[PDB]
Amino acid sequence: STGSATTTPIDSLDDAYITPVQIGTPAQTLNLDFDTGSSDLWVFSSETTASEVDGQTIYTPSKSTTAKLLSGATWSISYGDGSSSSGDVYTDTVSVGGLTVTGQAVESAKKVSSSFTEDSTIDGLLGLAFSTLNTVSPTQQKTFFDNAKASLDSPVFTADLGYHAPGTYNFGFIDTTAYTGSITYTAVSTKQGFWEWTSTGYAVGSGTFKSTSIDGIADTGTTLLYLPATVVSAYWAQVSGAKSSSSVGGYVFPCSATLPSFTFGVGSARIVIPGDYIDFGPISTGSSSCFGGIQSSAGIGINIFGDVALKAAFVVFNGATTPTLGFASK
């Protein structure tokens, strides 16, 4: 089997992407944030504290003839950005782009943090990291991909995120028309539960490539590119007037600037992030200070190849017995 679904930016900055997902019988379609940095499929629901729901579409398990309470199971998750959610668990039928999994754990939120409430466009998350990170207790549950894997034509999914435009998540096949040149594959460590890999270096604009190992995670659920402070300083030093602002929470730059590109290495291959992908616009409405899309990972504890990086590539998440990651230009 295979599946193919369009993923759409939630706003004009590509702060996140939503993908429609069918849950239950009859189908209830929710728009979920596919997150290769976590491993829970959780939704706003009829059980979510009423004051914490503000415009989201909810899953109502009592209206699904295939929903079953997973007795005694609870979940609770905290994300890198400080947001969180928790609740209980149902199993139900879940379909993405024509690919159906029966008996998928659907984690129903009883509580969500303010950042989730305030984002009316995201109805929940669909985790695509390794199932070892799933938070369901006392019986850990499998991700949608892990459940689908054996049925897929090939045990892979791909992320093709757009810049200020829709893109595609495919399951079970590689669309050879969706990228240019060849796909370069690189080793993955699953030791921390992430799609963790080592970039071979970077360049700023038309500058020379610096060969240096940068360990990090491919994370579709993180907006920006978080890299070591040395790398990030070298980038912003090429933008007149750019500075790190502790009050704002990162590097800012004059909105009048033209940003240089940023290149990262994948083995001997190179992925080029155009300068415009690094512009996240005014820090507040009407400001001439703009927020940068490349930020320091210092004090995160891990480097994160988030959407800024991934949307410059066609990315293969290869879930074979020995997982790997592939990157192509597009």
# chains A, B, ... in the order shown; residues from 1 in each chain; ligands from 1
call {"tool": "select_by_dssp", "arguments": {"residues": "segment 30-186 of chain A", "states": "alpha helix (DSSP H)", "output": "list in words"}}
result
residues 114, 115, 116, 117, 144, 145, 146, 147 and 148 of chain A
call {"tool": "residues_around", "arguments": {"residues": "segment 282-298 of chain A", "least_positions_apart": "3", "cutoff": "8 Å", "atoms": "only C-alpha atoms", "output": "list in words"}}
result
residues 224, 225, 226, 227, 228, 229, 232, 248, 250, 251, 252, 253, 254, 255, 256, 277, 278, 279, 301, 302, 303, 304 and 308 of chain A
call {"tool": "closest_atom_pairs", "arguments": {"of": "segment 105-180 of chain A", "to": "segment 43-50 of chain A", "cutoff": "12 Å", "atoms": "only C-alpha atoms", "output": "CSV"}}
result
residue,atom,partner,partner_atom,distance
A:105,CA,A:43,CA,10.8
A:106,CA,A:43,CA,7.2
A:107,CA,A:43,CA,6.3
A:108,CA,A:43,CA,5.4
A:109,CA,A:48,CA,5.3
A:110,CA,A:48,CA,4.1
A:111,CA,A:48,CA,5.8
A:112,CA,A:48,CA,7.7
A:113,CA,A:49,CA,10.8
A:114,CA,A:49,CA,11.8
A:116,CA,A:44,CA,9.4
A:117,CA,A:44,CA,9.4
A:119,CA,A:44,CA,11.6
A:120,CA,A:44,CA,10.6
A:121,CA,A:44,CA,11.3
A:122,CA,A:44,CA,8.9
A:123,CA,A:44,CA,5.6
A:124,CA,A:43,CA,4.2
A:125,CA,A:43,CA,6.6
A:126,CA,A:43,CA,8.6
A:127,CA,A:43,CA,11.4
call {"tool": "write_last_selection", "arguments": {"atoms": "C-alpha atoms", "output": "PDB file, in the first residue's frame"}}
result
ATOM      1  CA  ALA A 105      -3.689   4.650  19.204  1.00  0.00           C
ATOM      2  CA  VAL A 106      -5.461   8.013  19.093  1.00  0.00           C
ATOM      3  CA  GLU A 107      -4.510  10.008  22.164  1.00  0.00           C
ATOM      4  CA  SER A 108      -7.423  12.193  23.240  1.00  0.00           C
ATOM      5  CA  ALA A 109      -6.455  15.429  24.976  1.00  0.00           C
ATOM      6  CA  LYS A 110      -8.081  16.296  28.267  1.00  0.00           C
ATOM      7  CA  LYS A 111      -5.670  19.208  28.780  1.00  0.00           C
ATOM      8  CA  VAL A 112      -3.547  21.289  26.400  1.00  0.00           C
ATOM      9  CA  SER A 113      -1.207  24.216  27.106  1.00  0.00           C
ATOM     10  CA  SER A 114      -1.999  27.750  26.016  1.00  0.00           C
ATOM     11  CA  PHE A 116      -2.055  24.862  21.490  1.00  0.00           C
ATOM     12  CA  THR A 117      -5.307  26.598  22.451  1.00  0.00           C
ATOM     13  CA  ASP A 119      -3.390  28.060  17.508  1.00  0.00           C
ATOM     14  CA  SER A 120      -6.799  27.470  15.966  1.00  0.00           C
ATOM     15  CA  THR A 121      -5.344  25.851  12.831  1.00  0.00           C
ATOM     16  CA  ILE A 122      -3.726  22.793  14.491  1.00  0.00           C
ATOM     17  CA  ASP A 123      -6.119  20.057  15.641  1.00  0.00           C
ATOM     18  CA  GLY A 124      -3.361  17.838  17.057  1.00  0.00           C
ATOM     19  CA  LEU A 125      -0.051  16.171  16.241  1.00  0.00           C
ATOM     20  CA  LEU A 126       0.902  13.016  14.367  1.00  0.00           C
ATOM     21  CA  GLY A 127       4.274  11.789  15.574  1.00  0.00           C
TER      22      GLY A 127
END
call {"tool": "residues_around", "arguments": {"residues": "residue 259 of chain A", "least_positions_apart": "5", "cutoff": "7 Å", "atoms": "only C-alpha atoms", "output": "number ranges by chain"}}
result
A: 239, 275-276
call {"tool": "closest_atom_pairs", "arguments": {"of": "segment 126-203 of chain A", "to": "segment 36-40 of chain A", "cutoff": "6 Å", "atoms": "only C-alpha atoms", "output": "JSON lines"}}
result
{"residue": "A:127", "atom": "CA", "partner": "A:39", "partner_atom": "CA", "distance": 4.0}
{"residue": "A:128", "atom": "CA", "partner": "A:36", "partner_atom": "CA", "distance": 4.3}
{"residue": "A:129", "atom": "CA", "partner": "A:36", "partner_atom": "CA", "distance": 4.7}
{"residue": "A:131", "atom": "CA", "partner": "A:39", "partner_atom": "CA", "distance": 5.7}
{"residue": "A:133", "atom": "CA", "partner": "A:39", "partner_atom": "CA", "distance": 5.6}
{"residue": "A:134", "atom": "CA", "partner": "A:39", "partner_atom": "CA", "distance": 4.8}
{"residue": "A:143", "atom": "CA", "partner": "A:39", "partner_atom": "CA", "distance": 5.9}
call {"tool": "atom_distance", "arguments": {"atom1": "atom CA of residue 100 of chain A", "atom2": "atom CA of residue 7 of chain A"}}
result
17.6 Å
call {"tool": "atom_distance", "arguments": {"atom1": "atom CA of residue 96 of chain A", "atom2": "atom CA of residue 316 of chain A"}}
result
17.3 Å
call {"tool": "residues_around", "arguments": {"residues": "residue 323 of chain A", "least_positions_apart": "4", "cutoff": "12 Å", "atoms": "only C-alpha atoms", "output": "list in words"}}
result
residues 129, 130, 155, 156, 157, 185, 186, 187, 188, 189, 190, 191, 193, 194, 195, 196, 197, 316, 317, 318 and 319 of chain A
call {"tool": "write_last_selection", "arguments": {"atoms": "N, CA and C atoms", "output": "PDB file, in the first residue's frame"}}
result
ATOM      1  N   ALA A 129       8.553  10.200  14.765  1.00  0.00           N
ATOM      2  CA  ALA A 129       9.825   9.713  15.302  1.00  0.00           C
ATOM      3  C   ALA A 129       9.656   8.232  15.684  1.00  0.00           C
ATOM      4  N   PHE A 130      10.626   7.673  16.390  1.00  0.00           N
ATOM      5  CA  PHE A 130      10.588   6.242  16.692  1.00  0.00           C
ATOM      6  C   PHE A 130       9.661   5.963  17.868  1.00  0.00           C
ATOM      7  N   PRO A 155       9.298   0.478   3.101  1.00  0.00           N
ATOM      8  CA  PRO A 155       9.120   0.974   4.473  1.00  0.00           C
ATOM      9  C   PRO A 155       9.694   2.381   4.690  1.00  0.00           C
ATOM     10  N   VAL A 156       9.092   3.350   4.010  1.00  0.00           N
ATOM     11  CA  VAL A 156       9.599   4.719   3.958  1.00  0.00           C
ATOM     12  C   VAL A 156       8.451   5.708   4.010  1.00  0.00           C
ATOM     13  N   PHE A 157       8.764   6.930   4.423  1.00  0.00           N
ATOM     14  CA  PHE A 157       7.888   8.060   4.133  1.00  0.00           C
ATOM     15  C   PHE A 157       8.774   9.219   3.708  1.00  0.00           C
ATOM     16  N   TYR A 185      21.925   9.450   0.754  1.00  0.00           N
ATOM     17  CA  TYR A 185      21.542   8.819   2.002  1.00  0.00           C
ATOM     18  C   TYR A 185      22.667   8.902   3.025  1.00  0.00           C
ATOM     19  N   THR A 186      22.265   8.998   4.285  1.00  0.00           N
ATOM     20  CA  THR A 186      23.185   9.192   5.392  1.00  0.00           C
ATOM     21  C   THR A 186      22.678   8.403   6.595  1.00  0.00           C
ATOM     22  N   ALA A 187      23.617   7.961   7.423  1.00  0.00           N
ATOM     23  CA  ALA A 187      23.296   7.108   8.563  1.00  0.00           C
ATOM     24  C   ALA A 187      22.455   7.805   9.636  1.00  0.00           C
ATOM     25  N   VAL A 188      21.614   7.019  10.294  1.00  0.00           N
ATOM     26  CA  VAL A 188      20.761   7.496  11.378  1.00  0.00           C
ATOM     27  C   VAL A 188      21.103   6.748  12.660  1.00  0.00           C
ATOM     28  N   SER A 189      21.153   7.474  13.770  1.00  0.00           N
ATOM     29  CA  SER A 189      21.157   6.869  15.085  1.00  0.00           C
ATOM     30  C   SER A 189      19.772   6.982  15.699  1.00  0.00           C
ATOM     31  N   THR A 190      19.230   5.870  16.187  1.00  0.00           N
ATOM     32  CA  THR A 190      17.933   5.889  16.846  1.00  0.00           C
ATOM     33  C   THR A 190      18.063   5.873  18.369  1.00  0.00           C
ATOM     34  N   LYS A 191      19.284   6.048  18.870  1.00  0.00           N
ATOM     35  CA  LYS A 191      19.563   5.933  20.297  1.00  0.00           C
ATOM     36  C   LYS A 191      18.738   6.880  21.178  1.00  0.00           C
ATOM     37  N   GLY A 193      15.772   8.129  20.036  1.00  0.00           N
ATOM     38  CA  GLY A 193      14.421   8.044  19.512  1.00  0.00           C
ATOM     39  C   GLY A 193      14.109   8.951  18.342  1.00  0.00           C
ATOM     40  N   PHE A 194      15.102   9.706  17.883  1.00  0.00           N
ATOM     41  CA  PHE A 194      14.921  10.686  16.813  1.00  0.00           C
ATOM     42  C   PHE A 194      15.536  10.199  15.505  1.00  0.00           C
ATOM     43  N   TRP A 195      15.205  10.898  14.418  1.00  0.00           N
ATOM     44  CA  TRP A 195      15.889  10.732  13.149  1.00  0.00           C
ATOM     45  C   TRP A 195      17.164  11.572  13.225  1.00  0.00           C
ATOM     46  N   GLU A 196      18.162  11.026  13.919  1.00  0.00           N
ATOM     47  CA  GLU A 196      19.381  11.751  14.249  1.00  0.00           C
ATOM     48  C   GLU A 196      20.487  11.374  13.267  1.00  0.00           C
ATOM     49  N   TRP A 197      21.181  12.376  12.741  1.00  0.00           N
ATOM     50  CA  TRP A 197      22.163  12.163  11.689  1.00  0.00           C
ATOM     51  C   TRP A 197      23.273  13.188  11.855  1.00  0.00           C
ATOM     52  N   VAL A 316      13.822  11.792   2.564  1.00  0.00           N
ATOM     53  CA  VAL A 316      13.371  10.412   2.713  1.00  0.00           C
ATOM     54  C   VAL A 316      13.672   9.935   4.127  1.00  0.00           C
ATOM     55  N   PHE A 317      12.631   9.484   4.817  1.00  0.00           N
ATOM     56  CA  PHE A 317      12.755   8.865   6.128  1.00  0.00           C
ATOM     57  C   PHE A 317      12.636   7.362   5.882  1.00  0.00           C
ATOM     58  N   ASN A 318      13.786   6.692   5.832  1.00  0.00           N
ATOM     59  CA  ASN A 318      13.840   5.278   5.493  1.00  0.00           C
ATOM     60  C   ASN A 318      13.806   4.426   6.751  1.00  0.00           C
ATOM     61  N   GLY A 319      12.684   3.743   6.948  1.00  0.00           N
ATOM     62  CA  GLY A 319      12.441   2.946   8.137  1.00  0.00           C
ATOM     63  C   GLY A 319      12.733   1.467   7.958  1.00  0.00           C
TER      64      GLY A 319
END
call {"tool": "residues_around", "arguments": {"residues": "residue 181 of chain A", "least_positions_apart": "4", "cutoff": "9 Å", "atoms": "only C-alpha atoms", "output": "PDB file with N, CA and C atoms, in the first residue's frame"}}
result
ATOM      1  N   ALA A 328      17.559  15.159  -1.143  1.00  0.00           N
ATOM      2  CA  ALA A 328      17.799  15.624  -2.506  1.00  0.00           C
ATOM      3  C   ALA A 328      17.425  17.084  -2.629  1.00  0.00           C
ATOM      4  N   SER A 329      18.083  17.779  -3.556  1.00  0.00           N
ATOM      5  CA  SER A 329      17.644  19.111  -3.965  1.00  0.00           C
ATOM      6  C   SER A 329      16.344  18.994  -4.759  1.00  0.00           C
ATOM      7  N   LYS A 330      15.632  20.103  -4.927  1.00  0.00           N
ATOM      8  CA  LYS A 330      14.368  20.062  -5.649  1.00  0.00           C
ATOM      9  C   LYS A 330      14.070  21.393  -6.292  1.00  0.00           C
TER      10      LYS A 330
END
call {"tool": "closest_residue", "arguments": {"among": "A:139, A:151, A:85, A:184", "to": "residue 172 of chain A", "atoms": "only C-alpha atoms"}}
result
A:151
call {"tool": "residues_around", "arguments": {"residues": "segment 202-216 of chain A", "least_positions_apart": "2", "cutoff": "6 Å", "atoms": "only C-alpha atoms", "output": "list in words"}}
result
residues 196, 197, 198, 199, 200, 235, 260, 261, 262, 263, 264, 265, 303 and 304 of chain A
call {"tool": "write_last_selection", "arguments": {"atoms": "C-alpha atoms", "output": "PDB file, in the first residue's frame"}}
result
ATOM      1  CA  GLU A 196      19.381  11.751  14.249  1.00  0.00           C
ATOM      2  CA  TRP A 197      22.163  12.163  11.689  1.00  0.00           C
ATOM      3  CA  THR A 198      25.453  13.993  11.139  1.00  0.00           C
ATOM      4  CA  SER A 199      25.780  16.782   8.621  1.00  0.00           C
ATOM      5  CA  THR A 200      29.212  17.108   7.026  1.00  0.00           C
ATOM      6  CA  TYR A 235      25.972  33.212   9.397  1.00  0.00           C
ATOM      7  CA  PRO A 260      22.558  35.191   2.270  1.00  0.00           C
ATOM      8  CA  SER A 261      21.847  31.543   1.592  1.00  0.00           C
ATOM      9  CA  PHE A 262      22.951  28.772   3.962  1.00  0.00           C
ATOM     10  CA  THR A 263      24.320  25.455   2.702  1.00  0.00           C
ATOM     11  CA  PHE A 264      24.477  22.249   4.741  1.00  0.00           C
ATOM     12  CA  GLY A 265      26.303  19.055   3.853  1.00  0.00           C
ATOM     13  CA  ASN A 303      20.883  20.634  16.965  1.00  0.00           C
ATOM     14  CA  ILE A 304      17.592  20.664  15.047  1.00  0.00           C
TER      15      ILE A 304
END
call {"tool": "select_by_dssp", "arguments": {"residues": "segment 128-214 of chain A", "states": "strand (DSSP E or B)", "output": "number ranges by chain"}}
result
A: 137, 156-160, 167-171, 184-187, 189, 196-204, 210-214
call {"tool": "write_last_selection", "arguments": {"atoms": "N, CA and C atoms", "output": "mmCIF file, in the first residue's frame"}}
result
data_model
loop_
_atom_site.group_PDB
_atom_site.id
_atom_site.type_symbol
_atom_site.label_atom_id
_atom_site.label_comp_id
_atom_site.auth_asym_id
_atom_site.auth_seq_id
_atom_site.Cartn_x
_atom_site.Cartn_y
_atom_site.Cartn_z
ATOM 1 N N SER A 137 1.168 5.265 28.753
ATOM 2 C CA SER A 137 1.445 4.439 29.912
ATOM 3 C C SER A 137 0.139 3.744 30.315
ATOM 4 N N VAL A 156 9.092 3.350 4.010
ATOM 5 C CA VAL A 156 9.599 4.719 3.958
ATOM 6 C C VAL A 156 8.451 5.708 4.010
ATOM 7 N N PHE A 157 8.764 6.930 4.423
ATOM 8 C CA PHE A 157 7.888 8.060 4.133
ATOM 9 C C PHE A 157 8.774 9.219 3.708
ATOM 10 N N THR A 158 8.196 10.167 2.978
ATOM 11 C CA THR A 158 8.956 11.310 2.505
ATOM 12 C C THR A 158 8.250 12.604 2.882
ATOM 13 N N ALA A 159 9.066 13.621 3.164
ATOM 14 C CA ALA A 159 8.598 14.975 3.440
ATOM 15 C C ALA A 159 9.094 15.900 2.356
ATOM 16 N N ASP A 160 8.153 16.596 1.734
ATOM 17 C CA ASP A 160 8.440 17.560 0.684
ATOM 18 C C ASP A 160 7.694 18.846 1.045
ATOM 19 N N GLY A 167 2.919 21.381 0.136
ATOM 20 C CA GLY A 167 3.851 20.311 -0.172
ATOM 21 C C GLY A 167 3.165 18.979 0.050
ATOM 22 N N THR A 168 3.957 17.927 0.247
ATOM 23 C CA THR A 168 3.454 16.561 0.232
ATOM 24 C C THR A 168 4.181 15.681 1.242
ATOM 25 N N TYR A 169 3.394 14.851 1.936
ATOM 26 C CA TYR A 169 3.904 13.687 2.664
ATOM 27 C C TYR A 169 3.455 12.438 1.922
ATOM 28 N N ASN A 170 4.414 11.597 1.538
ATOM 29 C CA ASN A 170 4.113 10.310 0.914
ATOM 30 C C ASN A 170 4.540 9.180 1.835
ATOM 31 N N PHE A 171 3.760 8.106 1.815
ATOM 32 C CA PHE A 171 4.057 6.897 2.574
ATOM 33 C C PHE A 171 4.178 5.714 1.628
ATOM 34 N N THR A 184 20.912 11.650 -1.665
ATOM 35 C CA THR A 184 22.066 11.198 -0.895
ATOM 36 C C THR A 184 21.601 10.704 0.459
ATOM 37 N N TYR A 185 21.925 9.450 0.754
ATOM 38 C CA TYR A 185 21.542 8.819 2.002
ATOM 39 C C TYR A 185 22.667 8.902 3.025
ATOM 40 N N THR A 186 22.265 8.998 4.285
ATOM 41 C CA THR A 186 23.185 9.192 5.392
ATOM 42 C C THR A 186 22.678 8.403 6.595
ATOM 43 N N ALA A 187 23.617 7.961 7.423
ATOM 44 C CA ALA A 187 23.296 7.108 8.563
ATOM 45 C C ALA A 187 22.455 7.805 9.636
ATOM 46 N N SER A 189 21.153 7.474 13.770
ATOM 47 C CA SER A 189 21.157 6.869 15.085
ATOM 48 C C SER A 189 19.772 6.982 15.699
ATOM 49 N N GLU A 196 18.162 11.026 13.919
ATOM 50 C CA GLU A 196 19.381 11.751 14.249
ATOM 51 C C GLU A 196 20.487 11.374 13.267
ATOM 52 N N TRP A 197 21.181 12.376 12.741
ATOM 53 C CA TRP A 197 22.163 12.163 11.689
ATOM 54 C C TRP A 197 23.273 13.188 11.855
ATOM 55 N N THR A 198 24.310 13.095 11.032
ATOM 56 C CA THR A 198 25.453 13.993 11.139
ATOM 57 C C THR A 198 25.702 14.679 9.808
ATOM 58 N N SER A 199 25.441 15.975 9.778
ATOM 59 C CA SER A 199 25.780 16.782 8.621
ATOM 60 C C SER A 199 27.293 16.921 8.517
ATOM 61 N N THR A 200 27.776 17.051 7.290
ATOM 62 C CA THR A 200 29.212 17.108 7.026
ATOM 63 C C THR A 200 29.787 18.526 6.983
ATOM 64 N N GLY A 201 28.935 19.541 7.131
ATOM 65 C CA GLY A 201 29.434 20.897 7.261
ATOM 66 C C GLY A 201 28.486 21.945 6.727
ATOM 67 N N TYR A 202 29.001 23.146 6.497
ATOM 68 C CA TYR A 202 28.149 24.243 6.070
ATOM 69 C C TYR A 202 28.914 25.312 5.294
ATOM 70 N N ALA A 203 28.156 26.123 4.563
ATOM 71 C CA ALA A 203 28.697 27.354 3.983
ATOM 72 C C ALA A 203 27.678 28.468 4.170
ATOM 73 N N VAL A 204 28.176 29.698 4.203
ATOM 74 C CA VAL A 204 27.335 30.889 4.276
ATOM 75 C C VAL A 204 27.429 31.627 2.948
ATOM 76 N N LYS A 210 32.835 24.796 4.996
ATOM 77 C CA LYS A 210 33.544 24.335 6.185
ATOM 78 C C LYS A 210 33.169 22.898 6.490
ATOM 79 N N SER A 211 34.146 21.997 6.404
ATOM 80 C CA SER A 211 33.925 20.605 6.742
ATOM 81 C C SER A 211 33.975 20.434 8.246
ATOM 82 N N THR A 212 32.852 20.038 8.824
ATOM 83 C CA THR A 212 32.754 19.858 10.259
ATOM 84 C C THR A 212 31.511 19.034 10.525
ATOM 85 N N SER A 213 31.604 18.102 11.459
ATOM 86 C CA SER A 213 30.487 17.222 11.788
ATOM 87 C C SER A 213 29.492 17.919 12.688
ATOM 88 N N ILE A 214 28.231 17.932 12.263
ATOM 89 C CA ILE A 214 27.154 18.541 13.041
ATOM 90 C C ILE A 214 26.060 17.497 13.244
#
call {"tool": "closest_residue", "arguments": {"among": "A:88, A:236, A:10, A:218", "to": "residue 310 of chain A", "atoms": "only C-alpha atoms"}}
result
A:218
call {"tool": "residues_around", "arguments": {"residues": "residue 61 of chain A", "least_positions_apart": "4", "cutoff": "9 Å", "atoms": "only C-alpha atoms", "output": "list in words"}}
result
residues 24, 45, 46, 65, 66, 67, 68, 69, 90, 92 and 108 of chain A
call {"tool": "closest_residue", "arguments": {"among": "A:152, A:161, A:320, A:99", "to": "residue 16 of chain A", "atoms": "only C-alpha atoms"}}
result
A:161
call {"tool": "closest_residue", "arguments": {"among": "A:41, A:58, A:77, A:27", "to": "residue 93 of chain A", "atoms": "only C-alpha atoms"}}
result
A:27
call {"tool": "closest_residue", "arguments": {"among": "A:35, A:274, A:6, A:135", "to": "residue 306 of chain A", "atoms": "only C-alpha atoms"}}
result
A:35
